[PDB]
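Protein chains in written order, with the deposited numbering: chain A, 42 to 174, 180 to 250, 254 to 299, 317 to 483, 496 to 528; chain B, 206 to 402; chain C, 1273 to 1452; chain D, 248 to 580, 606 to 705; chain E, 792 to 815, 848 to 1055, 1063 to 1130.
Virtual Cβ for every residue (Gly too), placed ideally from N, Cα, C.
Report on the structure given below.
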Amino acid sequence: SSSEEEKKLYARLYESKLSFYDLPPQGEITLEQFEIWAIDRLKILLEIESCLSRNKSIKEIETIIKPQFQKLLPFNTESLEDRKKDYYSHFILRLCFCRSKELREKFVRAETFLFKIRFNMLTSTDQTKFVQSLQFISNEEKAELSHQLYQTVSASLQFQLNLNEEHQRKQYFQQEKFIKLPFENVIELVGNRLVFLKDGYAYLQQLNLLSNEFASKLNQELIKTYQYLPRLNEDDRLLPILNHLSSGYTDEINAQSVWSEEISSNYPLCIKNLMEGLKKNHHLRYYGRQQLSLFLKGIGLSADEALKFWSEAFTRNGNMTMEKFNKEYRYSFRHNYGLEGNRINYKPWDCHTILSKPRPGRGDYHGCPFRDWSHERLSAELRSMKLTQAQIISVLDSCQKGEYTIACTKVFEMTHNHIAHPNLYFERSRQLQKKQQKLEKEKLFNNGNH
Amino acid sequence: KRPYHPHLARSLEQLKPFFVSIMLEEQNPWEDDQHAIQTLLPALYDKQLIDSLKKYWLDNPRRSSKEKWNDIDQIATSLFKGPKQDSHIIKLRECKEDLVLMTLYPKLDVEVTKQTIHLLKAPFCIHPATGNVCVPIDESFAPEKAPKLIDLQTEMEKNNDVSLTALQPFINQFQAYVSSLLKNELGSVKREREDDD
Amino acid sequence: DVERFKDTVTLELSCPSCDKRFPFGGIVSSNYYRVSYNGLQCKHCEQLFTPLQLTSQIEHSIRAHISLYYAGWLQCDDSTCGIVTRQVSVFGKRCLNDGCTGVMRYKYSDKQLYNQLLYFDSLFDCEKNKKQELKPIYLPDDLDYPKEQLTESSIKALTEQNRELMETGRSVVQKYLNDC
Amino acid sequence: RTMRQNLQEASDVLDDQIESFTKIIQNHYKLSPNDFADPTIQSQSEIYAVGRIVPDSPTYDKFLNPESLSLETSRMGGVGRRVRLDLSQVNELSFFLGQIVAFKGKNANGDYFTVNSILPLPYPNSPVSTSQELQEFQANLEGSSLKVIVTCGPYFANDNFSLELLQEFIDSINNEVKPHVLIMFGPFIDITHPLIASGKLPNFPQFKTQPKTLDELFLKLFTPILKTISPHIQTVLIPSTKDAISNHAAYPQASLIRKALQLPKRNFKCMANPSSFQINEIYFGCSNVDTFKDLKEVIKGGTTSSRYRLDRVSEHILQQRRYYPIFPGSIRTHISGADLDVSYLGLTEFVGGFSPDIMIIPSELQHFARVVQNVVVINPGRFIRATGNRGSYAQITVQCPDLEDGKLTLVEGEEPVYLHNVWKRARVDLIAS
Amino acid sequence: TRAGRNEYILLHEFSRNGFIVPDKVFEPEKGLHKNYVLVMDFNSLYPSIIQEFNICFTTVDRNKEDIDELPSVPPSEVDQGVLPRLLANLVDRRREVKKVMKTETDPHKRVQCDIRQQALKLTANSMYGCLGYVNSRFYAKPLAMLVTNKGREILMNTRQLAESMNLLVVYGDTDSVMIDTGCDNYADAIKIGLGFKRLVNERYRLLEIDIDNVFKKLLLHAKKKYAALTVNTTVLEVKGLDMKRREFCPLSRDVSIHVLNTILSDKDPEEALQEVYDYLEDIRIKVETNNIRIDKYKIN
Ligand code: SF4
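Right under this line is the structure:
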């Protein structure tokens, strides 16, 4: 397709700033565009999910997401590239999440909430243009039923749009359009008496019905895409990105201070488990040693202090001679820091790469405790962290659903007041600790002048 | 919940003319002071008004339902004065409308309607304790008009034909209803066929 | 970006005047070349590079890499076989060694070549030059590690002065990057 | 199409080559598929077999011999297995890597396929034309003969950037020769040119603004000069994989964008590499990869060895029905090479299965023009030599078609069509540039 | 091949019933698995699908003009077809044979019963080639696609069930699924496998899968490219990793075999690895000092 024809089709599609994603995007995009747009939309959806799991109000979620919109997925722009980004990201995520039923449910829920937010941020004229772009009633029919419709919708207006004055409510109602549809499609709104009923037809709260239709259509299209996926399995190029995206949903620091309580309060439970295993056994197996070493490098421990740390931890029991440590372990610890071989500076393991680990056996301390520990044992340490029974129950409920990172964020929040990286947990804890220390110092200074 | 849903407001307007004639005169349940305290007072919103009405009715026993209904307004007017009187008047009117609905609005059995698998007694069945026939109901129906099975037997002894008994009008009414239902079913089948083409 | 280009090879320039060869690491410190306020300058003979003398070498390196990629070398996954060949069996992934179960793969994969072209592009990304995220062309133990380190403000001003040259050099790579 | 290479798709193309040639052989020799069997397994009946010539070892010496070849079978024929060849019973043959062949042989002991005879792939049918079209071409030429000039790069020497010889040639064609069509092959600005390669590009005093990219160098160095070609001479531009102006460095190679070269629409046409096209009735087959230099034969027998190499190579090109039949592609060690995009080897086959009347494959070898299997094969040589001395270009003059003169052969059938006889009607001159 | 048996039985049954007969995947998790891994046989997937959903030539209404169109399984009102009836007959006869085997005392009759049961199982599992094979006398693309889609569904819900039991699907296809039990003891692994079998049978009444191989350790690269310590008495078993033994001297093969023995032993993965390092350094010293028999250096 000529670039010009492609632009024409895309403009015919965007006549409104909002879309049902009915027709497949046509055109070619590069792999960098593919992956970057997919990851950006995925970040937006993950932030939506994290806000929802914390029972945040709709206004708070909107306020949190607006800067993320301006940064990752610009909406309400006239640029063709941003609209292309939204459409292609949506269809890439359709390809990603069609594999399993639970993924489908999470995707449709998050996408419907995103639809709701975007519709809420639109202007009333744009909303009218979008809904016009499901039969609207004539002005005569609205005039005949005006009293009943206004009586039905006055409470919804007051509570949803904060139109406290009656004059404003009437003025809005005069401009509001109504849709006539059978009450069986809007039984949910019928139950709460939010829609007017006449002769078996419900007069429309429109956002809720639009979201319901969008979710239903999205579910059906995900099912069709799942049926057509094995034909796409022949593309060696997209499969790794799709697999990664689908699984993505799931001298202050030296060798001595890393053991201190001041630094020890900040690690996540995985790191505490690895360090406890190292202290008890004076040895960590390969995966645990790698996880711990990469964390320690990521938190500021230099290479020489890392070698000192590992040698001191390993030789404490006398079972390991310094000669054996230098013969077998020194090379690997230097390699982790990019000082050996191809000098590759290995990045610290995020949560996802840790979970991609092969499951800890007997004698293993690596992995994620929230996935790899029994419920009783997790309850034991969460009690040791002075968490209440309700907080422990919430964390265990998050763990049961497979949202281990959500539970990690939860324990962070309860112990300190979305995290997907051990170094991120450490950094946030350190920043909070420094802020608290500065506040305490300011309070001490203020109390000394009276 | 306020404002009323149009169904609720329409039902209130339909029930308002009957509230006086039934409750305040024919049944007169609040003539008894204890019954008044138990059922009429708890529908009010203001504790001071409730206490004042309770004291007034204790000092003046056995006022009829209409008299108590007027006393509610009189004492509320005596109590609620100033710029805030309008809100009190509106709330009292709302409480009175809520009591009208509480007393006259349909009170359905909620279980039988919920599920498709629920069983309900077939029409024309005999009630084991009264012997009344579960006859269909028209606008003129009253419980005393339901024929009894023993009376139907007595009629059949004189005339051995169902068409000559008191059960016949109800049978005719049901037959007409069934005929109309069948005609509408044929119309719906035709409409479905037209929609499919 | 740090891990994206770990295996790419450096862009080697030849001085038109004195024939000295040196890698081009963008606007960074180097013993062999200097980017001046008025263009790229070889430090051995002080002579200046004009766009054509740079862009022709950039295009020559890109096309040499593309020709090598289309040479179609295959390598065997199996670490005990490891043969490198250009023969392609009608079953592509099958190794041509008798009984070998390794998976043949194009030695110069399109992912590697796309990474190389992206490294070339990042060399003349002005914004990437300013924040200093280019991959180093020298290890610390290299004998040619540069004796003087350029400052941040010098890098900013110099990149601003040389914007046209960097944009033209970037367009030369983008000529093939849009086709890849 | 982008720069992607997929092993499965390339293997699909390589399999399809063998399958199509199997079907062609069965049709030509009227043989049933039951007659064809798998040559990699032991059978004690003589069988028919089709496959690809490959070295018996994947890591092979640069020089092959008649005792070190194998036959690669298709997926259906032999599950992709490769069998060594026993050619002790064949005295005369000529093979090359990537050639698709048909054998009548016998694999007796499991480790060797003994070829008893060769099954030469038939030569493709020649194009034909109706009487009406030939009369229209007769009217087009106005009696006079058809003149077409073909030139090939490089156009300027290795130690300078002078196109004075090109200007001389343009003036000659404009005012004396006056051809109908002029076909120019690449490379125009060769990227393996040592001055371009080493960055030794000087300031040009005759340009008001110096070029900043090789594309601007073309626009300022060639396009003025090419614009002086007379508008009555339609000219055809065919790239090479070494053309700097091309952003498609793979064979088959997409045609240049004429607008990007700023060449006017009036007489400038850009054609793909390879390209097949008609000039009047004449069918042209043009490919810009040096098959003649690259195809290296294994040979037995005095008869074939006594033959000219060029006729053998041209017959190989005709039989394989593809302009660049060698595989794997040749390489220049890394500097340049064939740059075959194996996934699209379909596009380099003869268009429609017709053998072009005149096939032009420029070569670094000496210029030649020869008639092989009733096809005129032309190598016009390089326009200018490395040292700057005169190169060569080829002039093709074809007698105007005439149904009455008898040189056109009528093809029997209900619908009368006529075989073009270009080898009877074309005179080809190799003129020093 | 299986083609003769499948087509022949089908044509026999069809001619007998008054019918006119026609004229003549989850990618492996490469690496070392310390926990016990069980190979769970899924050969009866297709016959159980055909039997459960009453898929047959006479029950599935299909568009015979466009063979690529996917049909729908017949409703439960449709009587059992000839094909599912034959499959049910085979399964019932196999159950009868096993019931007889449980009581039988004579070794001769017991072996005969086992052979009968094996033949019945082979036919039941080969019955799909009737309608799946492209060159089959009874080929039917819509029915093959229906059965294949149902098998895909069943395999994915099998993954979900395994994850519900905190199990990891190491590798899987229509024929076998390998599960990481997460245990290091034979009894625990077998109990986990039997529990998984019970769950799969609970969700699919006609699908009876069983344990085919017990892997104490598993260094996996592909379905048929792996090494493992199989339990029957643990024994080293390698598949697809002994392709090129000729090119390596006996010393190299001895080193390789010893390393495999040590890494897959029941010792802790650090003391065994230090044993490997001691062995390797000792080998280096003997090679540098040339104290090894020259026979071990020979290469043919
Ligand atoms: S959620 Fe991530 S950071 Fe937290 S304990 Fe688990 S692996 Fe560690």
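Per the DSSP secondary-structure output, D/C533 pairs in a beta bridge with D/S522, D/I632.
One finds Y1107 in chain E with Cβ atoms closer than 7 Å to the Cβ of A/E394, taken in chain order.
One thing to note: D/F655 has its Cβ no nearer than 7 Å to the Cβ of D/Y307.
Not a single CB atom of chain D sits nearer than 7 Å to the CB of C/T1352. Taking the Cβ of A/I420 as the reference point, at least one heavy atom of the ligand SF4 falls within a distance shorter than 6 Å.
Those residues of the region 500-514 of chain D placed with their C-beta closer than 7 Å to a C-beta in chain C do not exist. For A/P500, the shortest separation between its Cβ and any heavy atom of the ligand SF4 lies below 6 Å. With contacts defined by Cβ atoms closer than 7 Å, A/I85 and A/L114 form a contacting pair. Using a CB distance below 7 Å, the part of the region 326-338 of chain D facing chain C consists of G327, ordered along the chain.
Excluding its 5 nearest sequence neighbours in each direction, B/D237 has no C-beta neighbour in its own chain below 7 Å. Rounded to whole angstroms, D/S391 and D/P673 show a C-alpha spacing of 10 Å. Taking a Cβ-Cβ cut-off of 9 Å, the neighbours of C/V1360 in chain D comprise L254, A257, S258, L261, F574, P575, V614, given in sequence order. Of the candidates A/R382, A/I365, A/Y395, the residue whose Cα lies closest to the Cα of A/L373 is A/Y395. Distances between the C-beta of A/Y298 and the heavy atoms of the ligand SF4 are all 6 Å or more. When the Cα atoms are used, D/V424 and D/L393 turn out to be separated by approximately 11 Å. Counting along the chain, the unbroken beta strand (DSSP E) around D/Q481 starts and ends at 481-485. At a cut-off of 7 Å between C-beta atoms, C/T1373 counts as an interface residue with respect to chain E. Sequence-distant partners of A/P414 (beyond 5 residues in either direction) whose C-beta falls short of 8 Å from its own C-beta, in its chain, are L360, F361, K363, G364, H499, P500, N501. Residue state for A/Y397 is assigned as helix, using DSSP reduced to three classes.
Of all residues in the region 1001-1016 of chain E, the ones placed with a Cβ closer than 9 Å to any Cβ belonging to chain A are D1003, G1005, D1007, in chain order. Residues of chain A with a Cβ closer than 8 Å to the Cβ of E/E1100 are, in chain order, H349, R351.
Closest option to B/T359, judged by alpha-carbon separation, among B/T370, B/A351, B/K350: B/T370. In this structure the region 379-392 of chain A does not lie against the region 387-394 of chain B, because fewer than three pairs of beta carbons, one per stretch, are closer than 8 Å. Look at the beta carbons and you see the region 1417-1426 of chain C not touching the region 1364-1381 of chain C: under three pairs across the two are nearer than 8 Å. Residue A/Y249 holds the alpha-carbon nearest to the alpha-carbon of A/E190 among A/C336, A/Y249, A/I497.
For A/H441, the secondary structure class from DSSP, reduced to helix, strand or coil, is helix. Per DSSP, reduced to three states, the secondary structure at D/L473 is helical.
For D/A444, at least one C-beta of chain C is nearer than 7 Å to its own C-beta. Taking a beta-carbon distance threshold of 7 Å, E/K853 does not count as an interface residue toward chain C. Rounded to whole angstroms, C/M1376 and D/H606 show a C-alpha spacing of 22 Å. Inclusion of D/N354 and D/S290 in the CB contact set at 7 Å is warranted, their separation being smaller than that value. The nearest non-hydrogen atom of the ligand SF4 is less than 6 Å from the C-beta of A/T471. Beta-carbon to beta-carbon, C/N1303 and C/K1315 are separated by about 7 Å, close enough to satisfy the 8 Å threshold.
The beta carbon of D/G327 sits closer than 7 Å to those of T320, all from its chain and outside the five residues before and after it, given in chain order.
For E/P870, the closest alpha carbon among the candidates E/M863, E/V862, E/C879 is that of E/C879. Close to C/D1382, with beta-carbon spacing below 8 Å, are these residues of chain D in chain order: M250, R251, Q252.
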